[PDB]
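Residue numbers (the working numbering), protein chains in the order written: chain A, 1 to 220; chain B, 1001 to 1219.
The next block holds one structure in the form of structure tokens; read it before the comments.
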Amino acid sequence: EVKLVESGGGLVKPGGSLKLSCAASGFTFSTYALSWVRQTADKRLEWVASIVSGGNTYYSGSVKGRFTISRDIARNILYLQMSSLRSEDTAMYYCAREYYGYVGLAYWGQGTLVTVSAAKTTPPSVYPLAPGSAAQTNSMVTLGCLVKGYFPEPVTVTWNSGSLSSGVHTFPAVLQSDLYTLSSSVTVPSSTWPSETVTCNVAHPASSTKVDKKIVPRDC
Amino acid sequence: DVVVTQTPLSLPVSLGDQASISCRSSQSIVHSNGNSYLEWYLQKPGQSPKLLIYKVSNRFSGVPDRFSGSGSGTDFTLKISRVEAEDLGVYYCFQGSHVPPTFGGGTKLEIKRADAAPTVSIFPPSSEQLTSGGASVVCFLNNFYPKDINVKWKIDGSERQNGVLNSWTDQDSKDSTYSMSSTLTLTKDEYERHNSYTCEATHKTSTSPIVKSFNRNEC
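Structural data, given as structure tokens:
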């Protein structure tokens, strides 16, 4: 099974440098061509670099001179050195392996988010969102978690650590004054609450933050 | 140079029906010896792009027959027969035969389902937050269709326009619905000068707004 895993992502200052890693496994690392493709905010996709089996390296124009692709044959690692970073380089970077030759990007990693900004790393504050009343609730109740004032992206939300998978809406983060804010709602059977415990577990890798907030019914 | 145009940006389609994405290049993709390196990719919300078709009409392993590619020269076409809910996402075509390899702008496939009204819920500021001197009032408008929805905020009868931030999800492969959150943030101080907090959901599924609210009236 082919498998690619990026890393090295994170917050970088304008003019800075960063070197990403793509841990390959499941195939003969030097047989196929490898590539980096980034995705800006507007879902825009842009090829960034490629290293062919021969050792040749090709680059786009918006990048030539600042980015460098290379591979550690023995260790099975694909790297992308990025220099003279500009806010425009902010994106999700994926490494992918061609199917064969240069016919198509058949395998992609999960990607690693690179943010270019002068802004400072900031942990999110997690606040519970529980029904303040109960005027006419059905066999379903909606709870949630407000996650605000954090930077940079991404952030991860989950309920009861995976147990509560279905009936969950985690809304995309909105930026405001160099700070992201996001919410997540979870809807479960009204009978299993407060009966059962519902907790949202937020994580924000950039600040090594990991928090769990239990949802308690609001008293008067 | 090499430019790639994808039409249309968004494409509504019913389950069981067919859809067709168009991709136009800026020169004959007549390689140098045979095939054309035109490719089709799908990126489902929250996931990575994945290969659907390569070399104009070559189905990649694991890809259903429903998907088919074709075309030549400057016009290429991705066709999707008997569409399923899982097929929703953003479709991209890719040019790699020329330098530099490039991606079309993309196309979002939307799924036409039954008109569905939103389930609205409102939440006052937590106590934790109020201690920090802040007050956010959250309102969830979950599982509705079509996407177009409008939320208006009202404080003690009057409507509030500032301090409101909205956010919409992508279409859910699950039930083909969309969800949205509207957040009203105020300072603990100002927040405590009013009693009635209301969010109204205006959607095509009704002539009158779905209204939820709470009063800081004791409880």
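Here a beta-carbon is modelled for each residue, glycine too, at the ideal position from N, C-alpha and C.
(message) I'd like to know if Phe171 (chain A) contacts chain B, where contact means its C-beta is closer than 7 Å to some C-beta of that chain.
(response) yes
(message) Here's a check: name, in chain order, each residue in its chain whose Cβ is nearer than 7 Å to the Cβ of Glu1159 (chain B), leaving out the five neighbours to either side.
(response) So the list reads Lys1152 and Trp1153, once near-sequence residues are dropped.
(request) Quick one: residues in its chain with C-beta nearer than 6 Å to the C-beta of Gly9 (chain A), no 5 flanking neighbours on either side, listed in chain order? (result) Contacts found: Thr112, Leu113 and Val114.
(request) For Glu46 (chain A), return the contacting residues in chain B, with the cut-off set at a CB-CB distance below 7 Å. (result) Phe1103
(message) Helix, strand or coil, according to DSSP, for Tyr1041 (chain B) in the structure here?
(response) strand
(request) Check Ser207 (chain A) in the structure and name its three-state DSSP category. (result) helix
(request) Return yes when the Cβ of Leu1088 (chain B) is within less than 7 Å of the Cβ of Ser1173 (chain B), no when it is not. (result) Result yes, Cβ atoms of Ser1173 (chain B) and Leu1088 (chain B) sit closer than 7 Å.
(request) Measure the alpha-carbon distance for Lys148 (chain A) versus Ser70 (chain A) and round it to whole angstroms. (result) Here the alpha carbons of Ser70 (chain A) and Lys148 (chain A) stand approximately 38 Å from one another.
(message) Excluding the 5 residues flanking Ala206 (chain A) on each side, which residues of the same chain have their C-beta closer than 7 Å to its C-beta?
(response) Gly10, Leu11, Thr121 and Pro152
(request) Output the distance between the C-alpha atoms of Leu1078 (chain B) and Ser1057 (chain B), rounded to the nearest integer angstrom. (result) The straight-line gap from Cα to Cα measures roughly 9 Å.
(request) Let me know if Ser1179 (chain B) comes out buried or exposed under the rule of 16 or more other beta-carbons within 10 Å of its beta-carbon. (result) buried
(request) Report buried or exposed for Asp89 (chain A), applying the criterion of at least 16 other Cβ atoms within 10 angstroms of its Cβ. (result) buried
(request) Output yes or no for whether 7 Å exceeds the beta carbon distance between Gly1134 (chain B) and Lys1204 (chain B). (result) no
(request) Within the stretch 1158-1215 of chain B, note down every full beta strand (DSSP E) run reaching 3 residues or more, in order along the chain. (result) 1158-1160, 1164-1168, 1178-1187, 1196-1203 and 1210-1215
(request) Flag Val103 (chain A) as yes if its beta-carbon sits less than 7 Å from any beta-carbon of chain B, otherwise no. (result) yes
(message) Can you list, in chain order, the residues of its chain with a C-beta nearer than 6 Å to that of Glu1039 (chain B)? Leave out the 5 residues immediately preceding and following it.
(response) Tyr1054 and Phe1094
(request) Alpha carbon to alpha carbon, how far is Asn1143 (chain B) from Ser1181 (chain B)? Give it in angstroms, no decimals. (result) 11 Å
(request) Determine the chain E residues that contact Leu129 (chain A) at a beta-carbon separation under 8 Å, and present them in chain order. (result) In the structure shown, chain E does not exist; the protein chains are A and B.
(request) Kindly provide the ranges of any beta strand (DSSP E) runs that are 3 or more residues long and lie completely inside the stretch 1131-1160 of chain B, ordered along the chain. (result) 1134-1144, 1149-1155 and 1158-1160
(request) Pick helix, strand or coil for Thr31 (chain A), following the three-state DSSP scheme. (result) coil
(request) Determine whether the Cβ of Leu1042 (chain B) lies closer than 7 Å to any Cβ atom of chain A. (result) no
(request) Using beta-carbon positions only, say whether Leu1051 (chain B) and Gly109 (chain A) come within less than 7 Å of one another. (result) Between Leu1051 (chain B) and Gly109 (chain A), the CB-CB gap reaches or exceeds 7 Å.
(message) List, from N- to C-terminal side, the beta strand (DSSP E) runs of 3 residues or more that fit wholly inside the stretch 1025-1100 of chain B.
(response) 1038-1043, 1050-1054, 1067-1072, 1075-1080 and 1089-1095
(request) Starting from the C-beta of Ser1206 (chain B), find all residues in its chain whose C-beta is less than 8 Å away, skip the five residues before and the five after it, and write them out in chain order. (result) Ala1117
(request) Report the partner residues of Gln81 (chain A) according to the DSSP bridge assignment. (result) A:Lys19 and A:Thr68
(request) Going by DSSP, name the residue or residues bridged to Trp193 (chain A). (result) Bridge partners of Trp193 (chain A): none, in fact.
(message) In whole angstroms, give me the CA-to-CA distance for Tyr59 (chain A) and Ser50 (chain A).
(response) 7 Å
(message) Any contact between the stretch 1062-1071 of chain B and the stretch 124-134 of chain A? By contact I mean 3 or more CB pairs, one from each, below 8 Å.
(response) no
(message) Using a Cβ distance threshold of 8 Å, determine whether the stretch 160-168 of chain A contacts the stretch 182-196 of chain A, with at least three qualifying pairs required.
(response) yes
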